[PDB]
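Have a look at the structure below, then the notes.
Remember, it's 1-based here, ligands and their atoms both numbered in the order they're listed. Protein chains get the first letters and strands the later ones, always in sequence-line order, with residue 1 at the start of each. Computed from heavy atoms alone, side chains included, the values below leave out hydrogens, waters and symmetry copies.
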Amino acid sequence: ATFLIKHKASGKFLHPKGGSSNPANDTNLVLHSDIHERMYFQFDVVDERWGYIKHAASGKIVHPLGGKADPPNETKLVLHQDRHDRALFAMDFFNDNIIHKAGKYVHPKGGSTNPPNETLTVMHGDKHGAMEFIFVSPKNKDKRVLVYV
Amino acid sequence: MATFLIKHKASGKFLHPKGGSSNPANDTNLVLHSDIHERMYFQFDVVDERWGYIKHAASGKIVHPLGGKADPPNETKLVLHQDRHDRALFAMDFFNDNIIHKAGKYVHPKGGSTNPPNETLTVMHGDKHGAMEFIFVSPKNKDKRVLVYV
Ligand SMILES: CC(=O)N[C@@H]1[C@@H](O)[C@@H](O)[C@@H](CO)O[C@@H]1O
Ligand SMILES: CC(=O)N[C@@H]1[C@@H](O)[C@@H](O)[C@@H](CO)O[C@@H]1O
Ligand SMILES: CC(=O)N[C@@H]1[C@@H](O)[C@@H](O)[C@@H](CO)O[C@@H]1O
Ligand SMILES: CC(=O)N[C@@H]1[C@@H](O)[C@@H](O)[C@@H](CO)O[C@@H]1O
Ligand SMILES: CC(=O)N[C@@H]1[C@@H](O)[C@@H](O)[C@@H](CO)O[C@@H]1O
Ligand SMILES: CC(=O)N[C@@H]1[C@@H](O)[C@@H](O)[C@@H](CO)O[C@@H]1O
């Protein structure tokens, strides 16, 4: 499956900063309003719920910056080519969030309900409406799609 | 496609057709029972994103509210039936650990016990609590969660 990662409260989407089809390692993941093929994602299942969030255009995957196992609050999210267990996430399409292996969630930095374009994404333990995400068709940004297949 | 056991989280019992047949009759009740064997394996056939059919692997019959109504009341029994239609849609919530019908009620053991005895019937009920939690596990390791959506 190929999908968009849509911030529920704002309707903005996860992008590599700059929108490249081949972002460098450690490129930040931001929120931005635009839809294009360089903000499509895939999900590579590794173990049941756990897997890699894959930037479709480049094949790089989402990491906490630095690849720490138990990233603290405010750790930036980036793309990197490496595959390892510290880049495992789950796509909770029931509670509408993205959870890292060590139990924190993807947030817009600052936790706004309407983050501006280019807002950084970070890890944070809190749960609230401004950390919800839904996973939608590139063809219809309101149509949820199953990311596990 | 993924084959799995439907395990009542609190008790460790599993969903079975009552009687354990490879070919249960239509409207056979779904019960909880401790045994593990190929006649209590399930599969999930995705229809629309989260929604799909919970399929008894041996027979090909799927889980329905008895009588097949769109918005079944509390205490509606769960059964197997061959028919495929939109009143037999469920989602396998492997994050909250529950089985939810399209109209919003959950699979429960009748009475809501943490340790239901073997042969306890399953029903639909809107309440949420620990005794309506289910996990979806490997036939080869009843403690290993498996992805049912594949
Ligand atoms: C014109 C152009 O490529 N625009 C993109 C935009 O669509 C978005 O992807 C953004 C993310 O930081 O990077 C660029 O500015
Ligand atoms: C050597 C080493 O630890 N490499 C990791 C790399 O694997 C990736 O996780 C990256 C994410 O920012 O952080 C580090 O550079
Ligand atoms: C009080 C408040 O809004 N807190 C939020 C917190 O919940 C989390 O979303 C964080 C992400 O950077 O941004 C804020 O600090
Ligand atoms: C020997 C045998 O298949 N026994 C089964 C048991 O395993 C269980 O499936 C039960 C469910 O009502 O039906 C039978 O008693
Ligand atoms: C004619 C009619 O409603 N048939 C339904 C059938 O499709 C199935 O849903 C069954 C489940 O117990 O309930 C009824 O018999
Ligand atoms: C126990 C209790 O107060 N309520 C439960 C309810 O939550 C549900 O589990 C139902 C299923 O038949 O069994 C009881 O009525």
Side-chain angles (χ1 to χ4, degrees), chain A residues 4-7 10 12-24 26-41 55-58 76-79 108-109 115-121 138 141, chain B residues 8-11 17-18 24-32 53-56 59-90 98-117 119-134:
Chain A
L4 319 179
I5 295 172
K6 190 166 74 169
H7 184 243
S10 73
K12 295 191 177 72
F13 303 95
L14 199 68
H15 285 235
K17 180 166 191 83
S20 181
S21 61
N22 193 20
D26 287 347
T27 298
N28 293 106
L29 288 155
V30 299
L31 299 181
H32 197 286
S33 45
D34 288 353
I35 300 181
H36 58 64
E37 65 286 351
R38 303 93 66 199
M39 47 67 81
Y40 297 0
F41 288 85
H55 181 233
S58 70
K76 293 180 197 31
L77 290 153
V78 302
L79 291 175
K109 187 175 180 71
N117 284 344
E118 310 292 314
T119 295
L120 298 182
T121 64
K141 61 56 168 185
Chain B
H8 182 246
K9 192 173 185 191
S11 69
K18 185 169 184 84
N26 286 316
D27 288 346
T28 296
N29 291 290
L30 289 153
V31 298
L32 295 181
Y53 307 128
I54 305 169
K55 185 168 68 194
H56 180 236
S59 71
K61 294 191 176 70
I62 66 168
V63 176
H64 287 236
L66 176 58
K69 303 304 186 166
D71 192 11
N74 287 338
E75 314 298 342
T76 294
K77 289 173 185 71
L78 290 154
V79 302
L80 292 172
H81 197 286
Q82 62 184 85
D83 288 351
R84 275 66 170 166
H85 57 60
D86 67 7
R87 302 98 70 192
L89 292 168
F90 295 83
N98 66 54
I99 303 170
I100 190 174
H101 180 256
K102 191 68 168 59
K105 294 182 182 307
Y106 304 98
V107 176
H108 284 239
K110 176 177 173 193
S113 299
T114 60
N115 288 295
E119 306 291 324
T120 294
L121 293 172
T122 63
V123 301
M124 298 179 65
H125 203 285
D127 283 359
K128 196 156 55 101
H129 51 61
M132 51 65 78
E133 291 173 4
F134 291 86

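With hydrogens and angles disregarded, a donor-acceptor distance shorter than 3.5 Å links the side chain of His55(A) to the backbone of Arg38(A). Between the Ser113(B) side chain and the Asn115(B) main chain, no donor and acceptor come within less than 3.5 Å of each other.
Within ligand 5, the atoms closer than 4.0 Å to a non-hydrogen atom of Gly67(B) are 3 (O), 11 (C), 12 (O), 13 (O), 14 (C), numbered from 1 in the order shown. Every atom of ligand 1 with a heavy atom of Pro16(A) under 4.0 Å away is listed here by number and element: 11 (C), 12 (O). Contact atoms of ligand 1 toward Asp34(A): 6 (C), 7 (O) (distance under 4.0 Å to a heavy atom of the residue). Near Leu66(B), with a cut-off below 4.0 Å to any heavy atom, the atoms of ligand 5 are 12 (O). Against a heavy-atom cut-off of under 4.0 Å, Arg38(A) is close to the following atoms of ligand 1: 3 (O). Each of the following atoms of ligand 1 lies closer than 4.0 Å to a heavy atom of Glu118(A): 10 (C), 11 (C), 12 (O). Ligand-side atoms of ligand 1 in range of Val30(A): 12 (O), range being under 4.0 angstrom from any heavy atom. Against a heavy-atom cut-off of under 4.0 Å, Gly19(A) is close to the following atoms of ligand 1: 9 (O), 11 (C), 13 (O). Counting atoms of ligand 5 from 1 in the listed order, those under 4.0 Å from a heavy atom of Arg87(B) are 3 (O). Per-residue contacts place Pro65(B) under 4.0 angstrom from the following atoms of ligand 5 (heavy atoms of the residue considered): 11 (C), 12 (O). Remark: ligand 5 atoms within the under-4.0 Å shell around heavy atoms of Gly68(B) are 9 (O), 11 (C), 13 (O).
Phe13(A) is listed as a side-chain neighbour of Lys6(A), based on a closest heavy-atom distance under 4.5 Å. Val79(B) has its side chain out of reach of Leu30(B): every pair of non-hydrogen atoms, C-beta onward, lies at least 4.5 Å apart. Residues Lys69(B) and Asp71(B) form no side-chain contact, since every pair of their non-hydrogen atoms from C-beta on lies 4.5 Å or further apart.
Inclusion of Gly18(A) in the set of residues having an N or O under 3.5 Å from an N or O of ligand 1 is warranted. The distance criterion of under 3.5 Å between nitrogen or oxygen atoms is not met by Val79(B) with respect to ligand 5. Residue contacts with ligand 5: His81(B) is placed with no nitrogen or oxygen under 3.5 Å of a nitrogen or oxygen of the ligand (distance criterion only). An N or O contact shorter than 3.5 Å links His36(A) to ligand 1 by distance. Geometrically, ligand 1 and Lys17(A) share no nitrogen or oxygen pair separated by less than 3.5 Å.
Evaluation of the side-chain hydrogen bond (donor to acceptor under 3.5 Å, both in side chains) test over residues 98-112 of chain B, restricted to residues two or more places apart or in two chains, returns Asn74(B)-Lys105(B). The salt bridge (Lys or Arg N to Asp or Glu O under 4.0 Å) analysis of residues 73-86 of chain B, with sequence neighbours excluded, yields no pairs.
The OH atom of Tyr40(A) sits 13.0 Å away from atom OG of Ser21(A), with the distance rounded to the nearest 0.5 Å. Atoms CD and NZ, from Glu118(A) and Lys17(A) in turn, are 4.0 Å apart once rounded to the nearest 0.5 Å. To the nearest 0.5 angstrom, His15(A) atom NE2 is 7.0 Å from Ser33(A) atom OG. Atom CG of residue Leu31(A) and atom CG of residue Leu14(A) lie 6.5 Å apart, to the nearest 0.5 angstrom. For the atom pair CG of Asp27(B) and CG of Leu78(B), the computed distance is 11.5 Å after rounding to the nearest 0.5 Å. Here the CD1 atom belonging to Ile99(B) is positioned 11.5 Å from the CD atom belonging to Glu133(B), to the nearest 0.5 angstrom.
Sorted by chain then number, the residues whose non-hydrogen atoms approach ligand 6 to under 4.0 Å are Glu75(B), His108(B), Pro109(B), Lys110(B), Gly111(B), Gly112(B), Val123(B), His125(B), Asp127(B), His129(B).
In terms of heavy atoms, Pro109(B) sits closest to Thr120(B) at CB-CG2, 4.2 Å.
With a 4.0 Å heavy-atom cut-off, ligand 5 is reached by no atom of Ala88(B). Counting heavy atoms under 4.0 Å from ligand 5, residue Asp83(B) touches it through the side chain alone.
The salt bridge (charged side-chain N to carboxylate O under 4.0 Å, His left out) check on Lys61(B) picks up nothing, with sequence neighbours excluded.
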